[PDB]
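**Q** Quick one: this structure, given as structure tokens, is what I'll be asking you about.
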Amino acid sequence: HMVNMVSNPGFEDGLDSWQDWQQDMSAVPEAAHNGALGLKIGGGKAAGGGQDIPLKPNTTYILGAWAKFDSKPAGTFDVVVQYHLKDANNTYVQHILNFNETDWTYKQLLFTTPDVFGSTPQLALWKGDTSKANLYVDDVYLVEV
Ligand SMILES: OC[C@H]1O[C@@H](O[C@H]2[C@H](O)[C@H](O)[C@H](O[C@H]3[C@H](O)[C@H](O)[C@H](O[C@H]4[C@H](O)[C@H](O)[C@H](O[C@H]5[C@H](O)[C@H](O)[C@H](O)O[C@@H]5CO)O[C@@H]4CO)O[C@@H]3CO)O[C@@H]2CO)[C@@H](O)[C@@H](O)[C@@H]1O
Ligand SMILES: [Ca+2]
């Protein structure tokens, strides 16, 4: 843990640097874990957003995040680093944190990138749950160790 690769990782600059795929995202105080703002992804449909992050090859990273649903979900909220390999079929690979908690929860995983990327890595915040539960996420981490 030295440098955070994620731009606008605490949503303190609103939605700056975050793609909004289903127009279901807002940066609002009610969703804050730290600072003034957090990301709210509205319940009722599957929705999310993300950021393209070029990574170094052959390198070990920690992916981490804080999340909570404001109500018991049926599915999960997922934070993912995803990219294609450069191989026989360009395998798609996903390093996935799953959340279903209604208290602020920090989760983290470790992964090591391939020698060659088949595509540019993407950090996705994917609230696949389809209940009425709203999802809060804040303080996302992607750091080389
Ligand atoms: O909308 C216009 C906009 O689209 C953009 O492209 C988006 C696209 O719209 C989707 O939102 C898409 O969403 C995908 C996520 O990126 C991610 O790939 C996600 O991956 C899932 C996976 O499908 C599967 O569900 C998996 O389930 C796991 C689970 O997490 C757990 O591990 C369990 O134990 O195992 C199961 C497997 O059984 O988990 C992953 C959860 O992250 O799926 C979504 C696909 O529906 O992302 C696209 C961007 O990458 C852009 O094209 C944009 O330009 C355009 O304007
Ligand atoms: Ca914040």
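Letters A, B, ... mark the chains of the structure tokens in the order given; residue numbers begin at 1 per chain; ligand numbers begin at 1, in order shown.
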Let me have all residues with an atom within 6 Å of ligand 1, counting only C-alpha atoms and all ligand atoms, laid out as a list in words.

**A**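 The neighbouring residues of ligand 1 are, in order, residues 21, 22, 48, 78, 80, 96, 98, 124 and 126 of chain A.
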
**Q** Would you export the selected residues with N, CA and C atoms as a tab-separated table (two decimals), in the first residue's frame, please?

**A**
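Result written to again.tsv:
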```
chain	number	residue	atom	x	y	z
A	21	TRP	N	-22.96	3.51	-16.46
A	21	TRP	CA	-23.49	2.67	-17.54
A	21	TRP	C	-25.01	2.60	-17.64
A	22	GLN	N	-25.72	2.76	-16.52
A	22	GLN	CA	-27.18	2.65	-16.55
A	22	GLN	C	-27.90	3.91	-16.04
A	48	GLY	N	-24.46	-0.26	-12.67
A	48	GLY	CA	-23.12	-0.02	-12.18
A	48	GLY	C	-22.33	0.96	-13.03
A	78	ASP	N	-20.81	-6.12	-6.59
A	78	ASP	CA	-19.51	-6.68	-6.88
A	78	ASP	C	-18.52	-5.59	-7.26
A	80	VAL	N	-14.86	-5.44	-9.12
A	80	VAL	CA	-14.19	-6.37	-10.02
A	80	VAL	C	-13.03	-5.67	-10.71
A	96	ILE	N	-12.99	-10.75	-8.34
A	96	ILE	CA	-14.29	-10.28	-7.88
A	96	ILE	C	-14.42	-10.26	-6.35
A	98	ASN	N	-17.42	-9.77	-3.66
A	98	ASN	CA	-18.90	-9.71	-3.53
A	98	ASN	C	-19.33	-9.17	-2.18
A	124	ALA	N	-14.72	-2.38	-12.26
A	124	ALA	CA	-16.18	-2.24	-12.38
A	124	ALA	C	-16.81	-2.30	-11.00
A	126	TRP	N	-20.39	-3.16	-9.83
A	126	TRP	CA	-21.55	-3.73	-10.46
A	126	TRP	C	-22.58	-4.20	-9.47
```

**Q** List as a list in words the protein and nucleic acid residues lying within 8 Å of ligand 2, with only C-alpha atoms and all ligand atoms counted.

**A**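 Those residues are residues 9, 10, 11, 12, 32, 33, 34, 35, 36, 37, 38, 39, 138 and 139 of chain A.
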
**Q** Mind checking which residues fall within 7 Å of residue 45 of chain A, counting only C-alpha atoms, ignoring those fewer than 2 positions away in the same chain, and posting them as a ChimeraX atom specification?

**A** /A:43,47,130

**Q** Once you have the residues from the selection above, write them out as a PDB file, in the first residue's frame, restricted to N, CA and C atoms.

**A**
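This is the output file out-v3.pdb:
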```pdb
ATOM      1  N   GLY A  43     -31.491   1.190  -6.328  1.00  0.00           N
ATOM      2  CA  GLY A  43     -32.055  -0.148  -6.418  1.00  0.00           C
ATOM      3  C   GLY A  43     -33.114  -0.239  -7.498  1.00  0.00           C
ATOM      4  N   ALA A  47     -27.342  -2.410 -12.131  1.00  0.00           N
ATOM      5  CA  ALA A  47     -26.683  -1.186 -12.595  1.00  0.00           C
ATOM      6  C   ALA A  47     -25.290  -1.052 -12.015  1.00  0.00           C
ATOM      7  N   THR A 130     -31.239  -6.994  -7.902  1.00  0.00           N
ATOM      8  CA  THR A 130     -32.404  -6.388  -8.535  1.00  0.00           C
ATOM      9  C   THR A 130     -33.532  -6.122  -7.542  1.00  0.00           C
TER      10      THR A 130
END
```

**Q** Hey, what does DSSP flag as strand (DSSP E) within segment 34-97 of chain A? Can you give it to me as a ChimeraX atom specification?

**A** /A:38-41,47-52,60-69,77-84,92-97

**Q** Just to be explicit: take each residue in the selection above, keep N, CA and C atoms, and write the result as a compact mmCIF listing (two decimals), in the first residue's frame.

**A**
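Here's the written file result_30.txt:
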```txt
# COMPACT_ATOMS: atom_id res chain seq x y z
N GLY A 38 -20.30 9.74 -1.01
CA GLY A 38 -20.15 8.33 -1.37
C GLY A 38 -20.94 8.12 -2.65
N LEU A 39 -20.74 6.97 -3.28
CA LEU A 39 -21.50 6.59 -4.47
C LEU A 39 -22.76 5.83 -4.10
N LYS A 40 -23.89 6.30 -4.61
CA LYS A 40 -25.16 5.59 -4.50
C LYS A 40 -25.58 5.02 -5.85
N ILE A 41 -25.77 3.70 -5.90
CA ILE A 41 -26.36 3.06 -7.06
C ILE A 41 -27.79 2.65 -6.72
N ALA A 47 -27.34 -2.41 -12.13
CA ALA A 47 -26.68 -1.19 -12.60
C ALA A 47 -25.29 -1.05 -12.01
N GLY A 48 -24.46 -0.26 -12.67
CA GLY A 48 -23.12 -0.02 -12.18
C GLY A 48 -22.33 0.96 -13.03
N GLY A 49 -21.02 0.98 -12.80
CA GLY A 49 -20.15 1.91 -13.50
C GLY A 49 -18.72 1.47 -13.28
N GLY A 50 -17.78 2.20 -13.86
CA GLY A 50 -16.40 1.79 -13.75
C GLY A 50 -15.38 2.73 -14.33
N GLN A 51 -14.15 2.23 -14.40
CA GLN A 51 -13.00 3.04 -14.75
C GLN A 51 -12.00 2.11 -15.43
N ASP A 52 -11.45 2.54 -16.57
CA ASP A 52 -10.34 1.83 -17.21
C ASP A 52 -9.03 2.17 -16.51
N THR A 60 1.74 -7.66 -8.76
CA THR A 60 0.78 -8.00 -7.73
C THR A 60 0.08 -6.74 -7.19
N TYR A 61 -1.25 -6.76 -7.25
CA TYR A 61 -2.11 -5.68 -6.76
C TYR A 61 -3.10 -6.15 -5.69
N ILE A 62 -3.41 -5.23 -4.78
CA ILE A 62 -4.53 -5.38 -3.85
C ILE A 62 -5.70 -4.57 -4.39
N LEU A 63 -6.85 -5.22 -4.52
CA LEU A 63 -8.12 -4.55 -4.77
C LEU A 63 -8.94 -4.49 -3.47
N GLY A 64 -9.44 -3.32 -3.10
CA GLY A 64 -10.16 -3.16 -1.85
C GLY A 64 -11.28 -2.15 -2.01
N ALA A 65 -12.32 -2.26 -1.17
CA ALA A 65 -13.42 -1.30 -1.20
C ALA A 65 -14.31 -1.38 0.05
N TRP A 66 -15.02 -0.29 0.32
CA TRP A 66 -16.06 -0.24 1.37
C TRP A 66 -17.43 -0.22 0.70
N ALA A 67 -18.37 -1.05 1.16
CA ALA A 67 -19.75 -1.01 0.64
C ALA A 67 -20.81 -1.40 1.66
N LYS A 68 -22.05 -1.00 1.38
CA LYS A 68 -23.18 -1.42 2.18
C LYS A 68 -24.44 -1.13 1.40
N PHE A 69 -25.40 -2.05 1.51
CA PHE A 69 -26.75 -1.86 1.00
C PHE A 69 -27.57 -1.22 2.11
N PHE A 77 -23.52 -6.86 -4.53
CA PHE A 77 -22.80 -5.82 -5.23
C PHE A 77 -21.35 -6.27 -5.39
N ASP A 78 -20.81 -6.12 -6.59
CA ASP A 78 -19.51 -6.68 -6.88
C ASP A 78 -18.52 -5.59 -7.26
N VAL A 79 -17.33 -5.66 -6.68
CA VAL A 79 -16.23 -4.86 -7.22
C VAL A 79 -15.21 -5.79 -7.89
N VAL A 80 -14.86 -5.44 -9.12
CA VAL A 80 -14.19 -6.37 -10.02
C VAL A 80 -13.03 -5.67 -10.71
N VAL A 81 -11.88 -6.33 -10.80
CA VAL A 81 -10.92 -5.97 -11.85
C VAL A 81 -11.03 -7.04 -12.93
N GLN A 82 -11.24 -6.59 -14.17
CA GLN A 82 -11.46 -7.49 -15.29
C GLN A 82 -10.68 -7.06 -16.54
N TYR A 83 -10.20 -8.06 -17.27
CA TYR A 83 -9.46 -7.89 -18.53
C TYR A 83 -9.36 -9.22 -19.26
N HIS A 84 -9.08 -9.15 -20.56
CA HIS A 84 -8.77 -10.33 -21.36
C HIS A 84 -7.28 -10.67 -21.27
N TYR A 92 -11.43 -14.24 -20.79
CA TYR A 92 -11.81 -13.10 -19.94
C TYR A 92 -11.68 -13.49 -18.47
N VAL A 93 -10.97 -12.68 -17.69
CA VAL A 93 -10.74 -13.03 -16.29
C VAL A 93 -11.29 -11.95 -15.36
N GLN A 94 -11.85 -12.37 -14.23
CA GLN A 94 -12.47 -11.42 -13.30
C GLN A 94 -12.01 -11.69 -11.88
N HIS A 95 -11.46 -10.67 -11.24
CA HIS A 95 -11.09 -10.73 -9.83
C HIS A 95 -12.19 -10.00 -9.09
N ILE A 96 -12.99 -10.75 -8.34
CA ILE A 96 -14.29 -10.28 -7.88
C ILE A 96 -14.42 -10.26 -6.35
N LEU A 97 -14.76 -9.09 -5.79
CA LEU A 97 -15.23 -8.97 -4.39
C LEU A 97 -16.75 -8.90 -4.41
```

**Q** Quick one: distance from atom CA of residue 2 of chain A to atom CA of residue 125 of chain A in Å, one decimal?

**A**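 Between these atoms lies a distance of 22.4 Å.
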
**Q** Have a look at A:88, A:28, A:55, A:5 and name the one nearest to residue 120 of chain A; count only C-alpha atoms.

**A**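 Among the listed residues, A:55 lies closest to residue 120 of chain A.
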
**Q** Which distance in Å separates atom CA of residue 111 of chain A and atom CA of residue 57 of chain A, to one decimal?

**A**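 Atom CA of residue 57 of chain A lies 11.4 Å from atom CA of residue 111 of chain A.
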